[PDB]
Amino acid sequence: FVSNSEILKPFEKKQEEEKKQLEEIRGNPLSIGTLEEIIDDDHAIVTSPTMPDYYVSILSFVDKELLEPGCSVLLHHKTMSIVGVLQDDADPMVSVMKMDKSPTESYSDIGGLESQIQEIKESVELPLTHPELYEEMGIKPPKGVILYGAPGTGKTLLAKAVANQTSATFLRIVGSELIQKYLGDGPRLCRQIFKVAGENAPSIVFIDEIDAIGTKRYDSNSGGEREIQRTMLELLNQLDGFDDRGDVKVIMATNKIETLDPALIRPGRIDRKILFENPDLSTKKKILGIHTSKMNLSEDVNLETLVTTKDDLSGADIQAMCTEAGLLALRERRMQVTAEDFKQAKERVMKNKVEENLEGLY
Amino acid sequence: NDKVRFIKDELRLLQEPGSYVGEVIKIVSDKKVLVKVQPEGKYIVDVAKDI
Amino acid sequence: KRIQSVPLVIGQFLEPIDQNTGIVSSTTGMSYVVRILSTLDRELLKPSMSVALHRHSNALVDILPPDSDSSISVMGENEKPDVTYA
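Residue numbers (PDB author numbering), protein chains in the order written: chain I, 75 to 436; chain J, 52 to 102; chain K, 87 to 172.
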């Protein structure tokens with residue numbers, strides 16, 4: 075009664091009297107446009123989609139720090155004066171940013187690699203989850219880790235399980251999209267990748283399977299030798315010339331990193347290097363139990379017997395036999411997969427899916 | 052008789068400037084809709100009182 | 087119907103909406119939605135049919151015949167059969 079009369083009454087009265095002036099201001103068709111530049115005299119220039127040229131002052135409902143060249147504002151119909159700034163809603167423009175709805179892929183499925191799993195967790199997840207360890211230590215945390223190894227070692231699922239527990243922004247970019255058909259748009263894209271990701275949350279830029287600029291065989295989007303130097307060196311400047319407080323992490327992984335320019339790595343930013351090899355008979359027993367955890371297997375199927383038959387296989391080849399064995403039982407509609415399906419599954423994988431490498435020594 | 056009154060009153064409808072053409076983009080809590088005209092740019096107008 | 091007289095604008099019909107109401111697109115590039123004149127009919131025109139409009143109000147006037155002038159061909163062949171196929 076007494077408090078509401080001295081607080082809510084004078085405030086709501088000024089709000090009702092203010093909105094009466096908003097009719098002559100925020101009324102009208104309210105044309106929009108693109109902001110050009112500002113000045114300390116409180117003036118700007120806006121270009122509507124009809125491409126006019128207008129120079130007016132700065133009205134209320136807008137801040138000087140909110141005005142940036144290339145943004146969207148709100149003009150007026152008659153007076154043609156800026157009403158205010160209009161922020162972009164419904165996500166930051168491009169929605170393919172891989173905002174990670176978090177399917178929640180845990181570390182139990184990538185198990186058996188724990189020797190190399192705790193390696194990336196300390197240089198990526200640890201500073202994000204427990205920043206007090208690196209801040210109180212005094213050392214600067216690394217900006218990421220480079221991965222190298224044969225295909226099938228689980229390099230794709232290694233970085234996927236890290237972003238699950240961090241609950242932060244994480245990106246997935248294909249290395250073949252760094253080069254476009256138009257000349258000059260290659261480095262322009264790399265500028266917008268790190269710009270938008272760095273504004274919202276301590277994001278992570280992860281570009282997987284980079285074939286960029288090698289074994290071209292590209293008729294359409296080939297830009298010559300000029301696209302080579304502009305696109306690659308643009309990524310190097312994002313780790314050098316681009317300033318950051320340490321919230322941006324860059325992790326690159328592919329089949330062969332030797333074809334890439336080693337100057338792009340610049341391993342003063344990346345102090346962590348993780349390799350990968352083929353698992354032994356003890357590791358494959360843990361990986362096989364992962365895929366068969368939700369699978370229904372018969373009583374005549376032995377887990378140690380299937381691992382013994384495995385010779386020169388990666389983590390992807392183990393799941394390939396579990397998938398092929400499920401397709402054989404799916405044709406006959408069997409709940410529990412019998413032992414006859416694993417016999418025909420291992421023969422098809424070692425034939426087609428598994429091809430003899432060009433190493434050939436011994 | 053109604054056809055006599057409908058045609059004579061059509062002069063006010065013919066002399067009317069008519070209406071523009073646009074599409075809905077986004078809406079706000081102020082009951083103002085963003086109408087995008089195809090030749091022109093985008094405009095923020097007030098929604099009809101019937102809907 | 088005769089109030090329009092000389093000062094007419096060339097329009098083009100697009101799609102029917104309401105009874106005695108249709109959307110038109112003139113040569114100026116600005117599309118307007120006006121009401122169909124009582125002496126006209128929706129069945130006497132075509133979806134691509136070109137019509138006439140007022141200078142200012144741009145109201146529907148009359149349905150032009152199904153002959154489009156434009157440019158190039160215009161009417162038809164002029165002195166074309168100068169040769170044979172042999």
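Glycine residues also receive a C-beta, built at the ideal position from the N, C-alpha and C atoms.
Asked: Work out the CA separation of residue 101 of chain K and residue 60 of chain J for me, nearest whole Å.; Found: 25 angstroms
Asked: Quick one: what's got a C-beta closer than 7 angstroms to residue 402 of chain I's C-beta in the same chain, skipping five residues either side?; Found: 415, 418, 419
Asked: Applying a beta-carbon distance threshold of less than 7 angstroms, which residues of chain J neighbour residue 201 of chain I?; Found: Here the premise fails: no neighbours, minimum Cβ distance about 38 angstroms.
Asked: Contact defined as beta carbons within less than 8 angstroms: I believe residue 176 of chain I pairs with residue 160 of chain I. What is the distance between those atoms, to the nearest angstrom?; Found: That pair is no contact at about 31 angstroms.
Asked: By the three-class DSSP mapping on this structure, what secondary structure does residue 326 of chain I have?; Found: strand
Asked: Check the Cβ of residue 106 of chain I against every Cβ in chain J and list those closer than 9 angstroms, keeping chain order.; Found: 85, 92, 93, 94, 95
Asked: Taking all protein chains shown into account, decide if residue 315 of chain I is buried (16 or more other Cβ within 10 angstroms of its Cβ) or exposed.; Found: exposed
Asked: For residue 248 of chain I, count the other beta carbons within 10 Å of its own beta carbon; 16 or more makes it buried, fewer makes it exposed. Which is it?; Found: exposed
Asked: Of all the residues that make up the segment 62-79 of chain J, which are near chain K by a beta-carbon distance shorter than 9 angstroms?; Found: 62, 64, 65, 66, 67, 68, 69, 70, 71, 72
Asked: Kindly indicate which three-state DSSP category residue 148 of chain K falls into: helix, strand or coil?; Found: strand
Asked: Residues in its own chain within less than 7 angstroms of residue 398 of chain I by CB, not counting five upstream and five downstream?; Found: 419, 422, 423
Asked: Rounded to whole angstroms, how far is the Cβ of residue 244 of chain I from the Cβ of residue 280 of chain I, which I believe are closer than 8 angstroms?; Found: 7 angstroms
Asked: Give a yes or no on whether the minimum CB-CB distance between residue 166 of chain I and chain J is below 9 angstroms.; Found: no
Asked: Along the chain, where does the beta strand (DSSP E) that runs through residue 227 of chain I open and close?; Found: Run containing residue 227 of chain I: none; DSSP gives neither H nor E here.
Asked: Closest to residue 137 of chain I by CA distance: which of I:152, I:121, I:156, I:204 is it?; Found: I:156
Asked: Mind listing which residues of the segment 110-138 of chain K have their C-beta closer than 7 angstroms to chain J's C-betas, in chain order?; Found: 115, 116, 117, 118, 119, 120, 121, 124
Asked: DSSP on residue 157 of chain I, reduced to helix/strand/coil?; Found: coil
Asked: With a threshold of 9 angstroms between beta-carbons, can residue 82 of chain J be considered close to chain K, or not?; Found: no
Asked: Note the first and the last residue of the continuous beta strand (DSSP E) segment covering residue 98 of chain K.; Found: 94-104
Asked: Using only alpha-carbon positions, find the residue among I:350, I:81, I:99, I:115 that is nearest to residue 186 of chain I.; Found: I:350
Asked: For residue 128 of chain I, write down the residues that DSSP places opposite it in a beta bridge.; Found: I:120
Asked: Which residue's Cα is closest to the Cα of residue 98 of chain I: I:325, I:120, I:337, I:150?; Found: I:150
Asked: Kindly indicate if chain J contains any beta-carbon less than 9 angstroms away from that of residue 96 of chain K.; Found: no
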